[PDB]
Amino acid sequence: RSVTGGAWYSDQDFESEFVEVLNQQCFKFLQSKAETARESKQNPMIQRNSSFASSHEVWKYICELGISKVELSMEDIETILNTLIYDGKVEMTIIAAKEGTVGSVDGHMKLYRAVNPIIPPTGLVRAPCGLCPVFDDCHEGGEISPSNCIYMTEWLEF
Amino acid sequence: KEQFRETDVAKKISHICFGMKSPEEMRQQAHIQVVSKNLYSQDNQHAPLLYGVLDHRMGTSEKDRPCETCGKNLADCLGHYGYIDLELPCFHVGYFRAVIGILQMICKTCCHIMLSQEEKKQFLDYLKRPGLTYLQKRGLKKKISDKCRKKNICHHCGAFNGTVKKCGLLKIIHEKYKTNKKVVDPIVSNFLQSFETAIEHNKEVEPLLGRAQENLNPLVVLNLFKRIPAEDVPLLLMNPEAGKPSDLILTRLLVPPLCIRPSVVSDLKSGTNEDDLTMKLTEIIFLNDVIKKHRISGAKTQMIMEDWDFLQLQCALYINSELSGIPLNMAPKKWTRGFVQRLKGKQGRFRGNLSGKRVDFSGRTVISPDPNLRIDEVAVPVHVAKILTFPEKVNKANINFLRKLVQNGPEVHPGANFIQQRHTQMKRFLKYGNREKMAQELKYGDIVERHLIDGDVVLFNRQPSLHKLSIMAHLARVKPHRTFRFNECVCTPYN
Amino acid sequence: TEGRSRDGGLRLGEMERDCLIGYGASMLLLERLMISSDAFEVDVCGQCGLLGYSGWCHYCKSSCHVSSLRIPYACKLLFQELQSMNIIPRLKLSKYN
Amino acid sequence: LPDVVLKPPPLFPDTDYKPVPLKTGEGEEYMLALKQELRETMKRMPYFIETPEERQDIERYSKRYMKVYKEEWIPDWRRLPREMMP
Amino acid sequence: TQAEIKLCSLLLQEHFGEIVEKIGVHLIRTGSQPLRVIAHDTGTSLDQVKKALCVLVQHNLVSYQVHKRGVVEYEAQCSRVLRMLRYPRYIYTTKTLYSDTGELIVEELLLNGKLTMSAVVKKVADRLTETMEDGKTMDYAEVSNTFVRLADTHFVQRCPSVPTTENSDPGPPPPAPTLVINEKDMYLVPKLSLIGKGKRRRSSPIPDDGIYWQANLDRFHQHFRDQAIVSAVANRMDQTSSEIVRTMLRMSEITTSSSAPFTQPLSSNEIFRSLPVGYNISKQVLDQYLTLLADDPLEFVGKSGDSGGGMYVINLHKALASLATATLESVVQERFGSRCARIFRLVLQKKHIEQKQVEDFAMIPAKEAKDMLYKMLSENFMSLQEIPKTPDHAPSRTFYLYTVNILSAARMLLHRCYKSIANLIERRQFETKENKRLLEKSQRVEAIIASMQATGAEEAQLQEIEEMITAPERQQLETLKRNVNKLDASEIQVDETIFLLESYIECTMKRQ
Amino acid sequence: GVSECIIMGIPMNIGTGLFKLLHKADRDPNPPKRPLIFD
DNA sequence: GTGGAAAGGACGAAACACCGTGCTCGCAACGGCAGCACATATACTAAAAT
DNA sequence: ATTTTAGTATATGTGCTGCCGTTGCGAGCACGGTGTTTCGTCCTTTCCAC
RNA sequence: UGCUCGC
Ligand SMILES: Nc1nc2c(ncn2[C@@H]2O[C@H](COP(=O)(O)OP(=O)(O)OP(=O)(O)O)[C@@H](O)[C@H]2O)c(=O)[nH]1
Ligand SMILES: Nc1ncnc2c1ncn2[C@@H]1O[C@H](COP(=O)(O)OP(=O)(O)OP(=O)(O)O)C[C@H]1O
Ligand code: SF4
Ligand SMILES: [Mg+2]
Ligand SMILES: [Zn+2]
Ligand SMILES: [Zn+2]
Ligand SMILES: [Zn+2]
């Protein structure tokens, strides 16, 4: 699978749409599970445990969805969830479980839950100066000046 | 009605204030941006391209094509600079030692200088004294550098500051995570254990985990210099009005005018003679374009860093074409002529064009003895006397003499060759036109380029000069022969 | 130019300059090495200290502080080359008085 | 090989990412209004020392009518060193 | 610190004037210097230098110190000039936590720098007499109560007091009185029995003399840090955890300083008894909350002890590091998209990683992930390790490992925010100056109405104000107004990120 | 210095350029001033 | 003596980097003042035994 | 508690690999200029058949 | 750039 083939590669072409759909569906499932756990409000420990989703559970859910024809292994969904973690949207915890319906890792099970971001977008990105690509060439007197800036002009006009 | 503005002032230069320019100042000074790596057009006229190298908006180098910025010919065009933007910053080879020094002076975390408040106040008081000389400035810089290199921890943020040294060519290594023979610090242990994923995916990282110190590429060095407090700038012995620490790392290259880069149009073949600076700038533009192409196409990091190092080396060669730490595989094939080579050497600007230069109104001839002349007199041939002219101003005393000189013309030996009027500065050749009418219209104040006649003070020298007596001012007497004749008693000074 | 076939002129070498210095003839040295060899008139801006053209400074976008100045052409070439080397010479002009 | 460019890149290259809209609420608007009030009230404060006007053309009878009058705060010379007394 | 100097120059010019901002910038750039050399280098008269120095030291922007030969040297505090921008946030938080009385108190303290308690209560009464009407007068009793309530909470602190001249070296007066600070009477208000009623601006001996007060910006910074941590933990787990950590931080405020890696540990019993009764929460629910917060991979709190039931402690430096990480990932996401943010979080979690490993772990196709990596390299968001096989450091025979340094990236982001606020202030001043003609026109046409408001006010002056050509220019006036409003809002909102980055940079240093 | 004088094209301070010359022109320093009638 | 189609030879032309392949040498041209690495010597200081 | 040994800590002091210089001015001449390695477009000339 | 010369 490493030198050729793969669940994502189709005829030597990376399927960005496929991984995007996988990420969106997994995030929607995790968000719905977390919402149900929050609305259950039975007990904080029980809420956290129900918000957690095992890799096998979400893998079976994706298989039940059947978006693509190619068979997706458990480690494929694990890598998709890891990419979602790298997106700053979900959180994974390794708990101790000897054997169960997953049986993937020896004595360890990975549980994933949708988590809200830490802080809202900062104030720097709300200003055109923070997102400027030519910010280095900024100067008081010159061709690129804050007085005659086009970015701030369009931002104030909008 | 009319505003009073001064025409000309007798301005005299007092002193030259050296300094540096920021990239913004480089953009402001330059007129156009050079982005095309080619020189001439595809058509058979081979006109220079627009917004590229050899563009006539940065001056002119040909007698027929005038400058586009200022509508003047080659003799009147002073030249205009240009600015070329670099995708990745590069270390300035001239200030690279200064860059290393500043990095040793300041902290690598909070950008503050490694000096306590008491030492800061002491150095400020020692620097505030008037009449500070260059030697005192360099000595103070040496002392402050030593006292900063003595310390190892920062008193402002508490971060560790290891040794900063030069590895390879134009590469700086800071030994932040140094090996500690005693009990190791938590920082170095965390740094060593942070390579877990790298070791898992690449086992070769584990044996080479040692010697993995910080590499201060131009990006990080520029980012650090941009955050240096202005209070610590005078402590670095650098004048704040002259320049800033961020100016030591160059991001824009000032391409000089065409006056410094003369181009010869060799119509005998399908090519032109260009200086090495034009080729270096062309290669730099090509390297910038290649780096941009690799960034767009998503190339590997190894080749990206190789292109960056090649760009740094080419910029250094453009500045100084004679380096030492150049790799054998990166060594140039031929020999180029950079600015440093143009400045230093026997044929440099200082020794070949500033201290000793060539002048006109001079001749060179073989000498022959003649004892019948006085010791303060020297015989000049008629042929040379007709060529070397002296500008005499028409006054109330020598008017009748200059009239006869003009009447004689450039053929008879006692005479002149050119007449410059007082009102208009348009010279008039005496070989053409009615010389009698010119003599009758000689106004006071006119310049007459008279021939070398008897009584004119003239310098006589032998090129090998040991003492001052090797060159003396004598009185010229014209003789029909073709040699410089003087009294043999003056042979001992000239040797 | 250098040679006779190129219609060149004689060069006042370094030792000749040393002899002229020893004699103390400042005006003769000035006439030889500046007036008769590479005399030129440049335009310097009194505000930024840079070289202008036709009585105009492109750096400051003004022409009030631009003034003419006599100079050897080799000195102007050296100043331009130094500006190309990021070694910017800033000339602070003043009245001859 | 990379292609040659005839014209320089634009002075302000376009970006597909736009700045996030500012936070809204009563707090942000109140802070904005308070900052504007501070800007308006701190210039008339005696601490805001203006540039001393000079080179009066003439003296006139209307000088007393147009004479700018403003109360001046008295600094505590006990804490301030002696070198700043007028 | 060129951007910091530019921002301080803009602030001092907008707030104090021109002849004083030059002295301030000179002090910031050159450091501590005697008065005569400052006057010589600046190029202005001596009286203007003295006035600038006094008006700067009044607002606690500069300090004076004695040295050898009895010379006095003045040093400016760039940090204080930067904190000057946080005045609206200080006023908003003191209006939120307290009544409008404390709001006016803090406003007067910030606008005057140093004042006495009698003076500030008199000014607050005079200003609040305008808020209410119908003959109701403002007494000094409630104002003094609010002032002492602000004092015991360390929001307002007594300025350094000059030592007694008679007891300490009686004789020749020194050039500087050498003000010292005492922690005994730092928050002790004087007993002032005198009361009064504020005047309604009709326009028709000091017991607390020598005792000056000021705003304790350290307390405001601590309160802002606590609010940020509470908001973060609320967005993470729930509002119940936010209330728990708010109660814990409120308990820790008094028993801890402003700079410590860990706070004083608290037990579950005191947290339970100190929690507001509005929450129907039992002891076991609090125990579960604490033990689940201790297991958080963000390490907001920690056990750090088992005695007294559930003993727990709060990690402040770890929370600030997490907040800085969140700010950095958010700015990366908003500047380069979500995929670049994914790559950034990947290269942040994995301390060292290469291009192929990044492509394998992020599932981003080639020719795009390397592009974003190089873009982040060009903006100093990360540094390469460059582990060499040989000391030659040749690129063809070495490994390049990507690694994000949070400290350097945070410093670069703080510099970027400083320059951003400077550019915003410059744009606002430019828009104000370019439209000052229409501003004066509108001021005149509105002062026509502002004059003779009631005395001799005929109705024939109301239909001629809009008759002038100012009516089509009212659109440009509204555009200028909304642009200035948005610029000020952005300048205020960037100050939050500035505070976060500055706190992260401050709490990670040792100052040894 | 002499070298910078030679480079910049100005007369060197050593030699004949150490002193300055003045013209013995017929003049009257501090000439009589016209009185002001209005002031 | 002629022609429609075919090949090949010459001159622009674009990708890449002065050398076909990846190798590969010698010699310093002679002092001479900066140095930076190492190295290492010795003493100062503090921990340990009596 | 005090004298003796261990370490560390910096400074100093002897090297060894760097960079910088090496009279002056004059007059001739010969040669070669960046190109070249392979790909392709164009033009022309000549193997057989008429 | 090379080299032969001229003192
Ligand atoms: N091989 C060779 N190199 C030369 C020749 N002439 C000049 N050069 C090179 O060019 C440099 C000197 O150039 P100059 O002699 O000033 O050229 P120039 O006489 O100004 O050229 P024109 O302007 O065409 O007269 C030297 O460093 C030489 O390497 C020559 O005839 N043969
Ligand atoms: N390389 C040189 N540098 C300076 N001057 C030179 C040089 N070569 C020749 N000259 C000039 O030529 C003169 C040398 O002549 P000199 O050595 O005194 O006599 P000579 O050549 O030995 O004649 P004899 O062999 O004694 O008949 C002196 C000098 O001005
Ligand atoms: S162009 Fe304008 S908006 Fe962009 S960085 Fe410069 S000043 Fe800011
Ligand atoms: Mg001889
Ligand atoms: Zn021109
Ligand atoms: Zn530091
Ligand atoms: Zn100028």
Side-chain angles (χ1 to χ4, degrees), chain B residues 37-39 42-44 93 97 100-101 104 138 142 145-147 149-152 163-167 169 175 180-183 263-276 278-280 282-283 286-287 289-290 293-294 303 306-307 310 313-314 320 322-337 340-341 343-348 350-352 355-359 362-367 460-467 470-471 484 491 494-495, chain C residues 1-19, chain D residues 1-4, chain E residues 391 396:
Chain B
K37 62 181 181 61
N38 295 124
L39 303 180
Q42 295 288 159
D43 52 71
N44 46 14
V93 61
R97 301 180 67 258
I100 299 182
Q104 294 178 357
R138 279 178 282 99
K142 168 183 174 298
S145 61
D146 296 330
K147 289 192 178 181
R149 294 167 62 179
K150 278 185 169 59
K151 299 182 179 60
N152 62 330
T163 60
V164 175
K165 53 182 62 179
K166 171 186 178 298
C167 60
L169 186 64
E175 299 182 3
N180 197 24
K181 305 302 177 299
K182 55 184 296 297
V183 46
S263 61
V264 181
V265 182
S266 59
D267 60 330
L268 48 87
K269 62 175 58 181
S270 60
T272 56
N273 299 269
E274 304 287 344
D275 63 326
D276 296 331
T278 301
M279 309 304 299
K280 297 299 296 183
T282 293
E283 293 181 5
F286 175 80
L287 289 176
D289 297 0
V290 167
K293 175 182 177 60
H294 282 296
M303 56 195 306
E306 175 77 306
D307 298 0
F310 203 91
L313 178 61
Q314 289 291 339
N320 195 333
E322 286 289 343
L323 299 181
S324 300
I326 304 182
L328 297 186
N329 60 94
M330 299 284 93
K333 303 302 178 181
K334 60 178 300 180
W335 178 78
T336 58
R337 184 167 177 261
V340 175
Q341 291 72 32
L343 294 186
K344 73 187 302 179
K346 185 178 303 181
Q347 285 72 16
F350 295 91
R351 301 184 61 180
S355 301
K357 66 187 71 180
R358 302 176 176 269
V359 311
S362 59
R364 181 180 183 90
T365 319
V366 193
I367 49 180
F460 194 60
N461 177 38
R462 191 163 179 264
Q463 196 67 25
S465 303
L466 306 184
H467 45 59
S470 59
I471 166 179
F484 290 156
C491 281
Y494 298 117
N495 196 20
Chain C
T1 52
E2 294 221 3
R4 182 178 178 269
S5 298
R6 320 180 189 275
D7 301 330
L10 278 303
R11 160 168 176 164
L12 271 296
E14 295 187 359
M15 304 182 302
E16 288 74 5
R17 179 185 60 90
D18 309 333
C19 298
Chain D
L1 51 86
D3 53 352
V4 295
Chain E
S396 60

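Below, chain A is the first sequence line, B the second, and so on; all start at residue 1. Heavy-atom basis, side chains included; hydrogens, waters and symmetry copies ignored.
- Spacing between G/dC36 and G/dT40 at atom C1', rounded to whole Å, works out to 16 Å.
- Consecutive residues G/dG22 and G/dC23 form an unstacked step, taking six-membered ring centres below 5.5 angstrom and planes below 30 degrees as the test.
- Toward the 5′ end of DNA chain G lies the nearest nucleotide of B/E283, the other residue of the pair B/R97 and B/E283 mapping further downstream.
- Contact check, B/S324 against H/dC19: a side-chain N or O comes under 4.0 Å of OP1 or OP2.
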*Return one dot-bracket line describing DNA chain G 5' to 3' (Watson-Crick or G-U wobble pairs, both distances under 3.5 Å; ( ) same strand, [ ] crossing, | another strand, . none).*
||...||||||||................|||..||..||||||||||||
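- Base pairing of H/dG32: no nucleotide in any strand meets the Watson-Crick or G-U wobble criterion (both distances under 3.5 Å).
- Place B/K182 and B/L268 on DNA chain H by their nearest nucleotides, and B/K182 ends up nearer the 5' end.
- Spacing between H/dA11 and H/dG15 at atom P, rounded to whole Å, works out to 22 Å.
- One interatomic measurement links the two molecules: CG of B/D276 to P of H/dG33, which rounds to 15 Å at whole-angstrom precision.
- Straight-line distance between the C1' atoms of I/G6 and H/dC31: roughly 24 Å, to the nearest whole Å.
- Remark: the backbone N or O of C/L10 is paired with a side-chain donor or acceptor of B/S362 at under 3.5 angstrom.
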*asked:* Applying side chain to side chain donor-acceptor pair (under 3.5 Å) to B/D276 and B/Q341, what does each step give before you reach the verdict?
replied: CA-CA 11 Å; B/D276 296 331; B/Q341 291 72 32; over 6 Å; no
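- Under the 3.5 Å distance criterion, the side-chain polar atoms of B/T365 are left unmatched by any main-chain donor or acceptor of B/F484.
- Every residue was checked against the salt bridge (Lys or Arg N to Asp or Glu O under 4.0 Å) condition with B/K166, not counting sequence neighbours, and none meets it.
- Here G/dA15 and G/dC16 show stacked bases; the six-membered rings are centred less than 5.5 angstrom apart and their planes meet at under 30°.
- Comparing B/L328 and B/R149, the nucleotide of DNA chain G nearest to each residue sits closer to the 5' end for B/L328.
- Rounded to the nearest Å, the gap between the P atom of G/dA14 and that of H/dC39 is 16 Å.
- Between the CG atom of B/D289 and the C1' atom of G/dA14 there is a distance of 16 Å, rounded to whole Å.
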Could you go through nucleotides 26-34 of chain G and list every protein N or O atom that sits under 3.5 Å from one of its N or O atoms, giving the distance for each pair?
none

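- Environment of CG in B/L328: sparse, with no more than 12 heavy atoms of neighbouring residues, nucleotides or ligands closer than 6.0 Å.
- As judged by a 4.0 angstrom heavy-atom cut-off over every strand, B/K269 is placed among the base-contacting residues.
- Distance noted for atom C1' between G/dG22 and G/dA17: 14 Å (whole Å).
- Sequence order on DNA chain H of the closest nucleotides to B/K150 and B/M279 puts B/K150 first from the 5' end.
- Within the model, atoms CD1 of B/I326 and CE of B/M330 stand 10.5 Å from one another, a figure rounded to the nearest 0.5 Å.
- Contacts of B/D146 classified as salt bridge (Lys or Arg N to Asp or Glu O under 4.0 Å), with partners at least two apart in sequence or in another chain: B/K142.
- With both ends at atom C1', the span from G/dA13 to H/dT36 equals 12 Å, rounded to whole Å.
- With its glycosidic angle more than 90° from 0, G/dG31 is assigned anti.
- B/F286 comes within contact range of at least one nucleobase, with a heavy-atom separation under 4.0 Å.
- Remark: B/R138 CZ is packed, more than 12 non-hydrogen atoms of other residues, nucleotides or ligands lying under 6.0 Å away.
- Residue B/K37 contributes atom NZ, which lies 18 Å from atom P of H/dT34 at whole-angstrom precision.
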Nucleotides 20-27 of chain H: which of its N/O atoms have a protein N/O under 3.5 Å away?
from	atom 1	to	atom 2	distance (Å)
H/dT22	OP1	B/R351	NH1	3.1
H/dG24	OP2	B/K346	NZ	3.2
H/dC25	OP1	C/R11	NE	3.1
H/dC25	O4'	B/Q463	NE2	3.3
H/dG26	OP1	B/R358	NH1	3.0
H/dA27	OP1	C/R4	N	3.0
H/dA27	OP2	C/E2	O	3.3

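- B/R149 places no side-chain N or O within 3.5 Å of a backbone atom of B/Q104 that could act as its donor or acceptor partner.
- Distance, B/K333 NZ to G/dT24 P: 14 Å, rounded to whole Å.
- Helical stems involving RNA chain I, defined as 3 or more consecutive Watson-Crick or G-U pairs under 3.5 Å, span H:25-29 with I:2-6.
- Straight-line distance between the P atoms of H/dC50 and G/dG4: roughly 14 Å, to the nearest whole Å.
- Counting only heavy atoms from C-beta on, B/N273 has its side chain closest to H/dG33 among H/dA11, H/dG33, G/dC16.
- Neighbouring nucleotides H/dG33 and H/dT34 fail the stacking criterion: their six-membered base rings are not both under 5.5 Å apart at the centres and under 30° between the planes.
- Nucleotides H/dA27 and G/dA28, compared at atom P, are 37 Å apart to the nearest Å.
- Annotated as stacked: the bases of G/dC11 and G/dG12, by the 5.5 Å centre and 30° plane rule.
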